[PDB]
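> experimental coordinates follow, after the sequence.
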Amino acid sequence: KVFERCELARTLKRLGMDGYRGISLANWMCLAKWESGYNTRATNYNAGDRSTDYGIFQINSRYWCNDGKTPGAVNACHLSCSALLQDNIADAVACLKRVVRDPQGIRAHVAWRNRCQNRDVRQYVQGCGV
């Protein structure tokens, strides 16, 4: 499913993401956008390390989830990658909360670093009532 802007702003915030580890809702919304276009079914296969990025946040199968088909898997989220492909993002959000608790925080997502970090991201939450 593809979330509309404010729809995602409200569910992410309902899941207590607004200010999680200092990361604002707007900044979470900017990650989602540049990562998958707000699409939960988004998946990106990297023939390189043979890993795959899953769901709305494009979490990689090599360190966070297990899809049973990528070398050197750690599965730090103790979750199946297939859970990151559901209409309900509770599972993906909880795993993301885990990703950012790591030293690098949100700077883990290079898409967010390129398109979000240090920039104005208040349009992502504009008029959403959040």
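Arrived safely, thanks for sending. Numbers count the residues shown, from 1 in each chain.

> list the contacts for the residue minimising distance to the centre of the chain?
Nearest to the mean C-alpha position of the chain, by Cα atoms, centre = their mean, lies residue 57 at 2.3 Å. Residue 57 sits next to 31-32, 35-36, 84, 92, 96, 109 when contact means Cβ atoms under 8 Å, 6 or more residues apart in numbering. C-beta here means a position set from N, CA and C on the backbone, and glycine is covered the same way.

> how about a cut-off of 10 Å?
28, 31-32, 35-36, 40, 42, 64, 84, 89, 92-93, 95-96, 99, 109, 111-112 (Cβ atoms under 10 Å, 6 or more residues apart in numbering).

> and residue 86, by the same measure?
Taking Cβ under 10 Å, 6+ apart, we find residue 86 in contact with 1, 40-41, 55-56, 92.

> closest one of those residues to residue 24?
Using Cβ to Cβ, residue 56 comes nearest to residue 24 of those, at 17.3 Å.

> now do the same contact list for that closest one.
By Cβ under 10 Å, 6+ apart, the contact list for residue 56 reads 1-3, 8, 12, 31-33, 35-42, 84-86, 89, 92-93, 96.
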